[PDB]
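Visitor: Pasting the sequence and an experimental structure:
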Number of protein chains: 2
Amino acid sequence: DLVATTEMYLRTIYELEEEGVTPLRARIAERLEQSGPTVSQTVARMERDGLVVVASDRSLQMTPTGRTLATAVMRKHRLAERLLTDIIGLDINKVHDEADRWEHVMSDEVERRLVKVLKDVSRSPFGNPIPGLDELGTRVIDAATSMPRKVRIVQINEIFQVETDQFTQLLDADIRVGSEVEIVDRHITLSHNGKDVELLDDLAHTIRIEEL
Amino acid sequence: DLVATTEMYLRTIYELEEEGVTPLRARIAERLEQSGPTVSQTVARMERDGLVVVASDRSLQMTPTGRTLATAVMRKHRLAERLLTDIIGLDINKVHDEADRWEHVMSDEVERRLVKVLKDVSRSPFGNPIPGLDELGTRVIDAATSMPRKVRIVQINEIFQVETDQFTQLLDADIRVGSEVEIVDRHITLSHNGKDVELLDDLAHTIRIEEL
Ligand code: NI
Ligand code: NI
Ligand code: NI
Ligand code: NI
């Protein structure tokens, strides 16, 4: 019982972060269709197991081990969805639910085979990047990690820019003095309410952020 | 926890029958690497759930519902093994263990797709017929069912036979006055210690059996 449950809590926190939603226990209860009390019980165990910390604001911060496990479950889940759609041909309306089960029993080595056999594993069939593939086998340029983080805009410093076409991109995605997600890819891209601005490097080095 | 466990007990009983072994609780404990007491506890629940009867000789007789479920789990298991070998290309030494997990989470509709996509679903990669495909979508000729049963030879009646090449087949598979398995296929075949004699109809109507 217990292992699949933990993984589901983890993938759900992972999911909410990808969606920009604060990982709150009531948000997890609602999404998993579980009671709040029930969720509190599992989260308590997960804290005990070192997988999550409940911050003073009641959000759930996955620890590095928790996040590794979350990432793995998300990876299996999305690879299973790929397998089910691409090869098996299961009706798309059933694919998620099936992968909801298969994600807890797919081995790493099966994953590795899927990566060999599938045409593309960039994205699930539902449009989301498949993470953790590598593991399977302050200025923005300095501050971003290979792990999504929300930060606060403290300076944009347009005045120092030569290229200006991204000024309007920033205005259109609404930040100026706000709280944005930051990541390094193949680098740097910023997000704010499901609107992404992929920064060119000159901007990535002048934009400054803080926690928080 | 409980559903996968029940299915495993069921597939194991199914297995022992296919192998000609009396479904004894100590044989199930040994095969599942579970304690006897532990197995007694689950079997008791399974009796309560209507899936098995413990006969006076201590063998486990699957009820019709139990057998249907056993057959389904065996089917998913073997189809999963096919999928893993044929398409996925998982190392054959890992295929069983993986299917040991996937058998408990594969839906009927995924099965139906597998039957569409796979080259042949007659047999698992380990040489055993895949059952339950139809469900997914006394003289021997009269006594045999579409379900394996052991019976006792009461008469062979060679004297009434025109064709005699199967006389030696019977002698070679060692029966004469013994306890044999009987089944109807595409009919009738008899088995005795992993030696099969597929009867021609003239013999199937003269050979007589009893319980038991
Ligand atoms: Ni999904
Ligand atoms: Ni799941
Ligand atoms: Ni097997
Ligand atoms: Ni199993």
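Guide: That came through fine. Numbering: from 1, shown residues only, chains lettered A, B, ... in the order given. Ligands and ions are numbered 1, 2, ... in the order given.
Visitor: contacts, neighbours, all on C-alpha from now
Guide: OK.
Visitor: List the contacts of the closest residue to ligand 2 within chain A.
Guide: For chain A, the residue closest to ligand 2 is residue A:100, as judged by CA to the ion, at 3.5 Å. Applying CA atoms under 8 Å, 6 or more residues apart in numbering or on different chains, we find residue A:100 in contact with residue A:77.
Visitor: try residue A:62
Guide: When contacts are counted by CA under 8 Å, 6+ apart, residue A:62 touches A:10, A:13, A:51-53.
Visitor: between those residues, which is closest to residue B:197?
Guide: Distance to residue B:197, by CA to CA, is smallest for residue A:10 among these, at 55.4 Å.
Visitor: Contacts for the top strand by length along chain A, please.
Guide: Ranked by residue count and defined by DSSP state E, the top strand of chain A is strand A:149-155. Contact with strand A:149-155 is made by A:175-183, A:206-212, as judged by CA under 8 Å, 6+ apart.
Visitor: Check stretch A:69-85 too.
Guide: By CA under 8 Å, 6+ apart, the surrounding residues in contact with stretch A:69-85 are A:7, A:10-11, A:13-14, A:90-92, A:95-96, A:98-100, A:102-104, A:106, A:111, A:114, A:118, A:121, A:123-125, A:130-133.
Visitor: which of those count as buried?
Guide: Taking 16 or more other CA atoms under 10 Å in any protein chain shown as the criterion, what is buried in the contacts of stretch A:69-85 is A:7, A:10-11, A:13-14, A:90, A:95-96, A:98-100, A:102-104, A:106, A:111, A:114, A:121, A:124-125, A:130-132.
Visitor: Now the closest residue to chain B within chain A. Nearest residue, chain neighbours left out?
Guide: The nearest approach of chain A to chain B comes at residue A:1, 4.9 Å away (CA to the nearest CA). Counting by CA to CA, 6 or more residues apart in numbering or on different chains, residue A:1 lies nearest to residue B:1, which is 4.9 Å off, once chain neighbours are set aside.
Visitor: any idea how far the one you found lies from residue A:11?
Guide: From residue B:1 across to residue A:11, the span is 20 Å (CA to CA, to the nearest Å).
Visitor: One more: residue A:54?
Guide: If you measure residue A:54 against residue A:11 using CA to CA, the figure is 16 Å.
Visitor: what does chain A put close to chain B?
Guide: Taking CA under 8 Å from any CA of the partner chain, the part of chain A that reaches chain B is made up of A:1, A:87-90, A:98, A:101-102, A:105-107, A:109-110, A:113-114, A:117.
Visitor: Pull the most distant pair out of those.
Guide: Of all pairs drawn from the residues of chain A next to chain B, the one with the longest distance (CA to CA) is A:1 and A:117, at 31.1 Å.
Visitor: ok, now which ones touch residue A:205?
Guide: A:139-142.
Visitor: name the element it belongs to?
Guide: With the criterion set as DSSP states H and E, the secondary-structure element containing residue A:205 is helix A:201-206.
Visitor: Okay, buried residues for that helix please.
Guide: Neighbour-count burial for helix A:201-206, with 16+ other CA under 10 Å as criterion, is recorded at A:203-206.
Visitor: Residue A:209 belongs to a strand?
Guide: Yes - with the criterion set as DSSP: H, G, I helix; E, B strand; the rest coil, the secondary structure at residue A:209 is a strand.
Visitor: if I pick it, what's in contact with it?
Guide: Shown here is residue A:209, whose contacts under the criterion CA under 8 Å, 6+ apart are A:138-140, A:143, A:151-155.
Visitor: mind checking how far it is from residue B:38?
Guide: As defined by CA to CA, residue A:209 lies at a distance of 59 Å from residue B:38.
Visitor: and what of residue A:145?
Guide: Residue A:145 sits at a distance of 49 Å from residue B:38 (criterion: CA to CA).
Visitor: higher neighbour count, these two?
Guide: Remark: of residue A:145 and residue B:38, residue A:145 carries more neighbours, 15 against 11, as counted by other CA atoms under 10 Å in any protein chain shown.
Visitor: Got phi/psi on the more buried one?
Guide: Backbone torsions of residue A:145, given as degrees, to the nearest 10, read phi -120, psi 180.
Visitor: residues touching residue A:212, list them.
Guide: A:151-152, A:179.
Visitor: domain ranges for chain A?
Guide: Per curated CATH domains, the structural domains of chain A span A:1-71, A:72-137, A:138-212.
Visitor: Pull out the buried residues from stretch A:45-57.
Guide: Residues of stretch A:45-57 classed as buried under the neighbour-count rule (16+ other CA under 10 Å) are A:46-47, A:51-54.
Visitor: Can you list which of those residues are found in strands?
Guide: In this view, these that belong to strands under DSSP E are A:52-54.
Visitor: so where do the strands sit in chain A?
Guide: Counting by DSSP E, residue ranges of the strands within chain A are A:52-54, A:60-62, A:149-155, A:179-183, A:189-191, A:196-198, A:208-210.
Visitor: Dump these into TSV; add distance to ligand 4 as well.
Guide: Supplementary listing: those in TSV, determined by distance: least, CA to the ion, whole Å:
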stretch	distance to ligand 4
strand A:52-54	30
strand A:60-62	31
strand A:149-155	40
strand A:179-183	41
strand A:189-191	43
strand A:196-198	44
strand A:208-210	50
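Visitor: No further queries at this time; thank you.
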